[PDB]
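To start, the structure itself, in structure tokens.
No value in this document is a laboratory result; all are computed from the given coordinates. Reconstructed Cβ throughout: ideal geometry from the backbone, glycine too, with neighbour counts over all protein chains shown.
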Amino acid sequence: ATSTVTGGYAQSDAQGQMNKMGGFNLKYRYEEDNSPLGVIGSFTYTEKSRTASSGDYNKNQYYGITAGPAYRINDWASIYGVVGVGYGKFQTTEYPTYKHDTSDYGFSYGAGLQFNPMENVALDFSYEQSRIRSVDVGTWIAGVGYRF
């Protein structure tokens, strides 16, 4: 009741001399009447398969937490806007100790369309933009969920 479970897949665009990335997203939503908006929170984790040479594989991970108000249109015209914080960090494989890891945060903004009936048959699609340092992020997500 008054809860939603959605899972989706994200693809992130690569800048020249780089590779694409994949992300998994989980979302929770609260059910609200017309006059208060619905609250959605999403957690995203980025992953990349190992690359040639074991010197640098899946070293970099990205974490993002976003929150925003959904507006429910009875037609398939629903509008959601969300803002989050995303950061990247390098983690040690296990034993090889070194002091080269770095961390940086950026602000992401996204918008999506939503059409939902009861049960799993509700779908949402959103695009997210990360603000432009020497690498710029473009992410498209598609998720499916159910309510109560």
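Couple of notes before you dig in:
- Whichever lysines have a C-alpha closer than 24 Å to that of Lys20, once near sequence neighbours (fewer than 8 apart) are set aside: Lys48, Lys59, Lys89
- Translational diffusion of the chain, µm² s⁻¹ [Kirkwood Rh, Cα pairs; Stokes-Einstein; 25 °C; 0.890 mPa s]: 147
- Inter-centroid distance (Cα atoms) of segment 86-126 relative to segment 1-80, Å: 6
- Rounded to the nearest 20 debye, the dipole magnitude of the chain is 360 debye, with +1 charges on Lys and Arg beta carbons, -1 on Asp and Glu beta carbons, and the Cα centre as origin.
- Placed amide H near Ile40: partners under 5 Å, 5+ positions off or other chain: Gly68, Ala70
- Residue with peak Gaussian network fluctuation, the chain [Cα springs, cutoff 10 Å], from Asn74, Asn25, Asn120: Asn74
- Counted by neighbouring Cβ atoms within 10 Å, the residues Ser134, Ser12 run from fewest to most as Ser134, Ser12.
- Gain on full extension, evaluated as 0.36 nm per residue between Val121 and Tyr57 minus their Cα-Cα distance, stands at 19.3 nm.
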